[PDB]
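Reading the structure
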Protein chains: 4
Amino acid sequence: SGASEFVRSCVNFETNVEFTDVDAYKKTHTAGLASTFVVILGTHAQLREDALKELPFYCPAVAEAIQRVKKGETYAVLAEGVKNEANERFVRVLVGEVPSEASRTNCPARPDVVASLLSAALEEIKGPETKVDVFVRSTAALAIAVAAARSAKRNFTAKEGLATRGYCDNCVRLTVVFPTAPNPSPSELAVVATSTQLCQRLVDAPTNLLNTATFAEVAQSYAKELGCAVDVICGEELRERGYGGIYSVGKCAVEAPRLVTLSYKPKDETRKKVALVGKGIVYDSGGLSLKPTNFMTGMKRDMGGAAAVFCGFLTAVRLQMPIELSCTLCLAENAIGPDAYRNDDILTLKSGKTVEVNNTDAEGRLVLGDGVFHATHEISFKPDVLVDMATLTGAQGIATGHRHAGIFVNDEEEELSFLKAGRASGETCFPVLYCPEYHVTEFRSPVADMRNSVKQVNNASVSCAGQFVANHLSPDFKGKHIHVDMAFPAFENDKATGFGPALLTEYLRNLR
Amino acid sequence: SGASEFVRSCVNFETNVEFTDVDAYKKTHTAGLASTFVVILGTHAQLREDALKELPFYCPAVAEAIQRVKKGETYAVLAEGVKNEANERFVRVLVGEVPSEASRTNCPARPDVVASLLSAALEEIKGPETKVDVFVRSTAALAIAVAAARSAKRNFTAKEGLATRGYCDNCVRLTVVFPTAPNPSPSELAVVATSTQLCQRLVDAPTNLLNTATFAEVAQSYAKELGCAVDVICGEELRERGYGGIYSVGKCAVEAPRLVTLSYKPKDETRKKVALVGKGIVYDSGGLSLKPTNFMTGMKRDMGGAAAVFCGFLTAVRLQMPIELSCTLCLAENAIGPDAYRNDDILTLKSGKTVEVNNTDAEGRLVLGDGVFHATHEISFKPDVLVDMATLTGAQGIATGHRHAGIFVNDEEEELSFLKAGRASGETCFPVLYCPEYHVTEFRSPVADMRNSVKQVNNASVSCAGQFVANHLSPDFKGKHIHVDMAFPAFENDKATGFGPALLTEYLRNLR
Amino acid sequence: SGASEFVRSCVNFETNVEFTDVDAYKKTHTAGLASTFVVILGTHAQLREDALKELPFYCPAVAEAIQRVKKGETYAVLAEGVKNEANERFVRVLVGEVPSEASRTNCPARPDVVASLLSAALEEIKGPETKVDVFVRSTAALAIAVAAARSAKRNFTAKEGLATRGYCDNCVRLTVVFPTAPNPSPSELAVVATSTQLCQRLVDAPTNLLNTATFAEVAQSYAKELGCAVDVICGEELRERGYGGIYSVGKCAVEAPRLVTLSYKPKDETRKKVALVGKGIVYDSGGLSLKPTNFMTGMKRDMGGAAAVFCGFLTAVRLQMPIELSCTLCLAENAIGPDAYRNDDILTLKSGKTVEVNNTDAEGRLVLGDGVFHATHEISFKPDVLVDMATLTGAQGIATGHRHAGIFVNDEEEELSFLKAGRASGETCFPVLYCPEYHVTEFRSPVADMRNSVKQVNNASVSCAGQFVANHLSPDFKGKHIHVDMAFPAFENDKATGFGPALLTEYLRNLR
Amino acid sequence: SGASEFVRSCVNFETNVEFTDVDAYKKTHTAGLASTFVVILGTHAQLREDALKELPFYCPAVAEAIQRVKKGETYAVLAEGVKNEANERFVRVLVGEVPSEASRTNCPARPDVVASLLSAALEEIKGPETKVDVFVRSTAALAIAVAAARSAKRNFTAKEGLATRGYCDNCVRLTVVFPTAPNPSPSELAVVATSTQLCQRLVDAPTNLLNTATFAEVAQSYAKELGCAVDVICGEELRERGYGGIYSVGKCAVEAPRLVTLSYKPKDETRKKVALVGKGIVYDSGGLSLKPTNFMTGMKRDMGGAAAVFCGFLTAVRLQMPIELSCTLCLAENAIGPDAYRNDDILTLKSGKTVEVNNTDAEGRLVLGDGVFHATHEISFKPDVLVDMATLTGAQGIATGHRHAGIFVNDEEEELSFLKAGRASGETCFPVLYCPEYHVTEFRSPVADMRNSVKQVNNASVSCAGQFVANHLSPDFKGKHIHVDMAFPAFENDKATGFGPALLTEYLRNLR
């Protein structure tokens, strides 16, 4: 009933962020400013432009704020003599200075800071459904929209009885104002913002609300709404049909494991054919290889990859992108108990390859193994590109850091393409070593085709986990393979960031 | 059947210790000494008094023992020419010297040493139901009675087939002889000794004998005997009635969790109204936050708080104290398995506050949370004082040591009062920091009202665990709150001490 | 070279904080406000008082700030139309709301929040020697002065070439304005603030600047300035004169250990006689019991106790308090190397008692042992009270938390008195268990009078370390003994707080 | 004594490998085969070519070996009827099959397998100076030469009295035979092989032979031989001239730290100007941040970076490459003792920036910091490119694995160029994240310009160590910066690989 209230919240989810521009704002709001809380974000150079002097909140207090504000920080004032709909004497104005410096591996618009400046600014807002206008000087529309959405306080929350108000603190109604009409359009940015926030909510929902059944149910309802095909292979049907990876990982849990596959065939021409596969570990105990407490917190987030691909798919269908798409969610709970798969058991994955389990907490790659094979051999079409997303390795952070998802890719060109998409979306990635000839030796088994956990921990371990998944691709698959490890990018300041869908959306938007 | 034999043992439990005085001993036993094993305990000054020279076991051997015995130690002799009922040539006499030094935070009669000297003396006794007379020179009746009771070999034991003789080695029948008629009276000391020993037996019973059902059953039978009301909220009834703390902690176990509440309304005037709440974790695995083996031994003792309050209650009813009393036992097993509450799950306690679990082994405070709210909002009366007892923190030892229970108290005066009661009973306490404004910040949650385990371990962690419990008190409760952490005082030399009931008894006896 | 520049900085240290009141501010600054950056701190009730409306920075913007500001937080505005000396259009005004809630163990004026609000407010100030006025509504002068001083950015720092400008960033000149003439007076608060900041600087100085020689040298120069007697027992003189604790702990280091004793006899006659002893471990490697890296960072702060007592002394002499005072600094570096005292070596302390070392990282209590004996047996007078201060135990935090120094005290009345002094100064304390009879057994040695490290870690270990020190008091000392463990209170947000001197000052000021 | 014998061995070092081709072999050795031990290495396709049938060891036994041999493995036969100089009945022939599969990040000629096949083949050779001919089918001359050199048993060794025969087991004289005249030439490959082996020997020499003095002495003697300028800044001269990083790291050791700089100006004019800087930690104890035993073994290899750049330089000078070159060896021992730099000390590097040490075992970046600044500000010319090489992070392995050195590079084009050079040399690299904006925040200090060890371990830690070094580049340096982390590539099967010099050689050879 808390579950079914959280399901209804996901199924009907709309965003609290709208997009417009300065001139449209001027034509529409002829009754002065339409809010009494205003955030103005730009670089030092952008904030010093004459154009700012004509904006409806500009006044001498705001000009002083611009002169005094330091890089990376906000400077708040009360602006007087700025007419407004509420007829307040004062308007609250925050000015935030964004750094201009950006490395070649980073988004030039620095949405990392935009997000955190906005986030800090919005902590002053309590009341329900308060109008806030964010005037931005960057024209990197997509990156900005993501940053705004993930910062708009639509997070999962069960504080102060909010379980009966959609597990959401509805404190902010946000309007982002670009300098000029944005590309992409306002309504596309809204669909993107909606996906980012839904992903954010799915990731931080506790497992007692989001389990394999409830997640499957969300996908099914969205499937009906969007006019998409959907297929669920549940529980014993997985064992009987040979899906020994995902089945064995999930069979101990109270809610059965499931492979959930959604399909979209566009009405217009198909420019490409793409398969998405996502690690949907709704909770990770570690299994018989039990994690210590300090590593087991935040493991409700082990379904981050499935949320990312689910929300990427949802975006692409709503934007009616000209790409044939499958989306496979690999849903399981990694529980501990008498029927838990063991360290030494030998599983037969759907690939037909045998796996000796030497670590029950290298489970995500088992479910992805079955997912990727399903995507390359069991569905209605042959994808040119396969993207698998997972929040899998604590070594991901060590390798590529908190803000760059590690990517293991079998084609230089598609890798570059995927990196460009991260830089444009602000959901940035960095490559890990692609070198299968070295990685495969880490999984040598004396009794099965392979083990699931590396012999040496100190040997390109993010890459190895990608290689394990690659080992279960259909032998006839000759297409491009992108493996994303997004363990740390999926959360910031101990809250989900909604990372993944906008990355995908940008990558897919630019396929030809 | 071993269970039901242990239940019958608890339900009919009588003590093996009786109390009298020197002059009553002289009038009654006109056939010489009534035993052939005699222990004489006092300080250096007490033992050198002329009065000793008139005692029925005094003789030249005993006088030499007194001259030679060292502080903290016993000195054993065979006394000749001391007539006795058994007509033995010799009488075994042990003389034990108690230190006189006692700090302001300690019981001046030093029952710590009395206990350990007596304990050592009674190791020479094997045979069944052997009469032993302990002549004590201290007049601190209550403290002495406790020390005697906990040292009288009525411990739980399953050695050498003793499962079929009440899980008890019935080797000693003990008579304590004070210098003068004691205050309180012999029969009150017996009731106290009975409570101490029953508590001792409950604590060291293994969980395969004492689980949530069997403990509940003991309470129910005592309820019928004493003419007290009793109420049990069991298993699914806890989930359905919103007791999400205690339910979630216990639901994985084979025996269901239970809230067991006993009530006593005195026949005569009510001087005060007091609620007792006790942590009844019959076994602690740690749950998904599994303890290492060396920390998981002695975790049958995690119900020590429930035993303490149950036995305190039982004493107060049998002494017909003029206080209206409730006693709430928070009974659960913290098991590991598929339906175990998770690190990241969000529980709704009966308080209505949401708790994000970041450590499944900070479970006692969850069950106490529901207990204290039940006691402050769901029962027939409004208590002036609430005492919650738990064996909860390994940090308790670090803070206040092995012999002083840590107390977290919201009122200086009641704290002092409670400390005086510990010093008189010899079940000593010491305060921990009371400072809610600092403790509450340790439980900040990004998704719920609070977490259950501290962010920083190094920040008054015994106090913090007390504060967590305080957070779930009914908002209308304006009364005094005493939180006792008795982890280490509950056992000594790897055996239960029966700590708690006499502390309570003394505190309650002195309320006005 | 950098060392003698840091010595000159300490020797000539003046504070950047001045104190006054509203009416004296009004008579003096008749050109309006004397700064253009203003902080106003008070409680919700204090900030809503009519009196505020007449202060020289009050205006409608500021009134709105007061209505909107949240508890524990600051709210910044630009105030227009406010008379000021610079005649700026705007004055920067920050309003900070202090909580009114304070436990019985806490300072009612909540300087903890005052400090952190001020600290946050002062992060906007970069330029040199910028005038800032802090109007406070609390009349708890002493607490406020400390909070202000420690928050005024006079910290030790070697950033950006500041080694040649006294290791100090001179960015703020601070004026604190009370509602009425403060008690104590402005010039007394300035001396106190000077002491707090000097202590703060000594504690966070690195050991390559503050070693045993340089610290000794500071004390000697201050001694000459203040007209105080001073005595140094250095290196081999310590071994030869029997100071085997402090000598053995320090003898491996490059700079020799030293006992530095300062004396002050007042001009007025006084009955009151007090000895201060401080743990001066300029760096703690752990010795042969080497600390891991994550515990060894911040161990330049192991001289916190010596800084505290040195600065308490300096305050008391500058205020010409009517108390005869000695101050003994126990200076050593705990280094690792061939001549490092060993785990198993047997030392002969000055007390004449032998100590078997079973942990080289329980070193502070060794140097304090020699310090306290020196203070109770080797100096010109017999103190009524001995206070020893040390930053010693990581268990201190576990016991009494980050903000309350643990106190081990042999006299209930003096303990209460010392607690009252912590509450008034805002440098709060809380008692630990005083029970020597239990503590002494933790130091049983089979080959010497005692060990130095507890057998059991989980047995009132802060108390035990206090007891060890007590064991080396002169046998003829019958006076009051206060042992302060200030490990965690000495730092906050990874910067020194200057904790200790004001506590002492307040305790000493109120000796009757 | 053993030291000066190891110095003489390094100074006069000649290789045991010679290079030729099939046709030149045929014209020269007209008495048939010039050895009686023959290794033939190629791929499945290469080994089945008709050309093999005409080689002087071909016979029906060898043909069967080719048909039966498995990939990655060797297959040995005794070949009969093969013309040879010794006129033996049989010639020992080993056929090794190399895989053809190579990823885009790997050397296509797979010298990794060539090396290990050759290595296995050469384990049969014991006798002194035994002639072995290796016929290879790959034309990747440079890669092959390296593989051969590092596999030719010229390793450091002190077994069986070999301390008096140059710490070298002279068991093999090796002749590598390509299909056609190789590019580069035989005599260039010999110089390269000489460098690889010398590097291999320097890396696995124990510190009791190779310390900072002895390494400095080798460099000086080579300097004289080659006609190169050389400069040494030794011990106290480093402190006095402001080199606080390298000085502080090394000052505890018995042999003083040294900055050793060699220069080469070519005879031909050249625009290209390159600086090499190498981490020369001759032994790493960890300092006060002491390593456990299992991490401290192989720490004689912490000078791997200095050996690499020293040997790269030596190659480039002997080949008279048209590049102006400096080579700075940052020589120190990281010892433990009383004058060991501390965790909390604040160092002033030559850059003029202050460093708060929060880990004494992040020492290599301190010495490199002074090295890189010296190279960019204190030498006779302004390099266009700076390459710093170090064996620094155990995280390097986690990130980029055992065979790919991690590279942190400030210019995408130069990175690609450096990667191409690793693929051609077979000393392969892979990029780590370049994103200074994220890395610099990991080194925030409250008392100095920066810390030296990351706050978070799980945040692109190889990259962060690179960034630290970058922070101490001269502010006027606008050139390209390549930071190489070669911790694991420097050793294989617990023996030094000689990694680095050939990578450099190839990169330098191809500068445009």
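Residues numbered from 1 in each chain as written, not as in the entry; some residues may be left out. Chains lettered and ligands numbered in written order. Part of a larger assembly, values for the part shown. Heavy atoms only, no water. Residues with missing side-chain atoms left out of burial classes, pairs and counts.

Moving on: the pairing of strand 14 (residues 405-409) of chain A. Working note: regular strand, side chains alternate between the two faces of the sheet. Residues and elements named next belong to chain A. In terms of burial, strand 14 is a largely internal element, five of the five residues being buried. Across the two faces of strand 14 the burial is the same, with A405, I407 and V409 and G406 and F408 all buried. In this structure, strand 14 lies alongside strand 15 (residues 429-431), joined through three bridges in parallel fashion. Each bridged residue has a counterpart across the sheet, and for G406 the counterpart in strand 15 is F430. Note on the crossover from strand 14 through helix 15 (residues 412-425) to strand 15: the handedness is right-handed. (Buried < 20%, exposed > 50% of the residue type's maximum accessible area, 1.4 Å probe, protein only. Helix = DSSP H or I, 4+ residues; strand = E, 2+ residues; numbered from the N terminus. Pairing = 2+ DSSP bridges. Right-handed = clockwise from strand over helix to strand, strands pointing away.)

Of the residues lining the interface, 22 residues belong to chain D; the matching set on chain C comes to 25 residues. If you sort the residues of chain D by the area they bury against chain C, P338, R342 and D344 of chain D come out on top, with a joint share of 32%. Applying the counting criterion to the chain D and chain C interface returns two salt bridges. With a shortest N-O distance of 2.8 Å, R342 of chain D and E333 of chain C are connected by a salt bridge. In this structure, the connection of chain D to chain C is made through 14 residue pairs in polar contact. Across the side of chain D that touches chain C, the residue classes break down as eight nonpolar, seven polar and seven charged. (Contact = heavy atoms within 4.5 Å. Buried area = accessible area lost by both parts, 1.4 Å probe. Salt bridge = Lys/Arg side-chain N within 4 Å of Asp/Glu carboxyl O. Polar contact = N/O pair within 3.5 Å; in protein donor to acceptor, adjacent residues only side chain to side chain. Nonpolar A, V, L, I, M, F, W, Y, C, P; charged D, E, K, R; others polar.)

Cis rather than trans, the peptide bond between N183 of chain B and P184 of chain B has omega equal to 5°. Relative to the helices and strands, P184 of chain B is located in the loop between strand 6 (172-178) and helix 7 (186-204). One non-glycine residue with positive phi stands out, namely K153 of chain B, at about 65°. Residue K153 of chain B is classed as buried on the basis of its relative accessible area, which comes to 14%. The backbone phi angle of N493 of chain D is positive, close to 45°, even though this residue is not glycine. For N493 of chain D, the position within the fold is in the loop between strand 18 (491-492) and strand 19 (495-496).

Residue and element names in this part refer to chain A. Per the UniProt entry, the sites bearing "binding site: Mn(2+)" (unreviewed entry) are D284, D361 and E363 in this numbering. Of the residues just listed, which span 80 residues, no C-alpha pair is farther apart than 8.7 Å, and they cluster in one region. Examined against the element boundaries, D361 turns out to sit in the loop between strand 12 (354-356) and helix 13 (364-378). Classification of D361 as partly exposed rests on a relative accessible area of 23%. Among residues more than four places away in sequence, those in contact with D361 are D284, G286, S289, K291, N334 and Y341. Polar contacts involving the side chain of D361 include one to the side chain of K291, which spans 2.9 Å. As for its position among the elements, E363 is in the loop between strand 12 and helix 13. Sequence-distant contacts of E363, defined by excluding residues within four places in its chain, comprise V249, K279, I281, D284, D302, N334 and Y341. (UniProt positions renumbered as here; feature names shortened; annotations may be inferred.)

This next bit is on the relation of the copies chain D and chain A. For the pair chain D and chain A, the relating rotation is 180°, the translation along its axis is 0.1 Å, and the fit reaches an RMSD of 0.3 Å. Between the two chains, the operation in question is that of a two-fold axis. Identified as the residue of chain D closest to the rotation axis by C-alpha distance is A399 of chain D, at 2.4 Å. When the interface residues of chain D are mapped onto chain A, 100% of them again fall at the interface, so both copies present the same face. (Least-squares fit on C-alpha atoms.)

What follows deals with the nonpolar core. Judged by nonpolar contacts, the single largest core of 69 residues is most densely connected at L202, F215, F310 and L329 of chain A. In terms of residue count, helix 12 (residues 304-318) of chain A provides more of this core than any other element does, 10 residues in total. Setting aside chain neighbours within four positions, we find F310 of chain A in contact with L202, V218, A219, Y222, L262, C327 and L329 of chain A. Among the nonpolar cores identified, the runner-up in size contains 68 residues, and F13, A158, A205 and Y222 of chain C belong to it. (Core = buried A, V, L, I, M, F, W, Y, C linked by side-chain atoms within 4.5 Å.)

A few words on the interface of chain D and chain A. On the chain A side, the residues contacting the 38 residues of chain D number 39 residues. Sorting the residues of the side of chain D that touches chain A by element identifies helix 14 (395-400), helix 15 (412-425), strand 15 (429-431) and helix 16 (436-439) of chain D as the ones contributing at least two each. Residue contributions to the side of chain D that touches chain A peak at five residues, all from helix 14 of chain D. Here the residues of the side of chain D that touches chain A sort into 16 nonpolar, 13 polar and nine charged.

Turning to the sheet that holds strand 1 (residues 17-21) of chain B, a few remarks are in order. Residue and element names in this part refer to chain B. Spatial strand order, 1-6-5-2-4-3: six strands in an open sheet with mixed pairing. Every other strand in the sheet has two partners, leaving strand 1 and strand 3 (74-80) as the edge strands with one partner each. This sheet shows a mean twist of 25° between the axes of neighbouring strands, independent of strand direction. Strand direction decides the pairing type here: strand 1 and strand 6, joined by five bridges, are parallel. Counterpart to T20 in the pairing with strand 6 is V177. (Axes fitted to C-alpha atoms, helices over the stretch in contact; angles between N-to-C directions.)

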